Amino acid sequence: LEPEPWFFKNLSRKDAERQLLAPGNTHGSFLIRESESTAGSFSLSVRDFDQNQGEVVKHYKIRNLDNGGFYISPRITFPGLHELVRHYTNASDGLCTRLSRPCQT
């Protein structure tokens, strides 16, 4: 039912990398998907540009706050994914790069 442009519900970690490293996508291209790791958790996948590897995809676990909430680092939590994505879009604040455009398909 009408997901966000960056929400790829059932996309695996491997295809997330494959999709983000594909043409049309660039630095800061990202998506959020169900985590391969934990119950009801989600993971952030982001394409980043470095010196040695060139184009690469970095994956972050998005933790759940008991009874509601999300955070990547304990020093700043968010009531929802929209808040989390807006936050990291305007500031990397610890992340590898600022979130730019959702993965384009």
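For clarity, a rigid core is taken as the largest C-alpha set superposing within 1.5 Å between two forms. Residue positions are given as counts along the sequence shown, with the first one as 1.
Q: Taking the root mean square of C-alpha distances over all structures and residues in 5 other deposited structures of this protein, with a rigid core superposition, name the larger of 71-79 and 28-36.
A: After superposing on the rigid core, the more displaced stretch in 5 other deposited structures of this protein is 28-36.
Q: Could you check which stretch, 49-57 or 72-80, carries the larger mean CA temperature factor in the entry?
A: Result of the comparison: 49-57.
Q: On average, which has the higher Cα B-factor in the deposited entry, 8-16 or 21-29?
A: Stretch with the higher mean C-alpha B-factor: 21-29.
Q: Lowest, middle or highest third: where is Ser43 by Cα B-factor in its chain?
A: CA B-factor rank for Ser43: lowest third.
Q: Split into thirds by Cα B-factor across the chain's modelled residues, where does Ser35 land: lowest, middle or highest?
A: CA B-factor rank for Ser35: lowest third.
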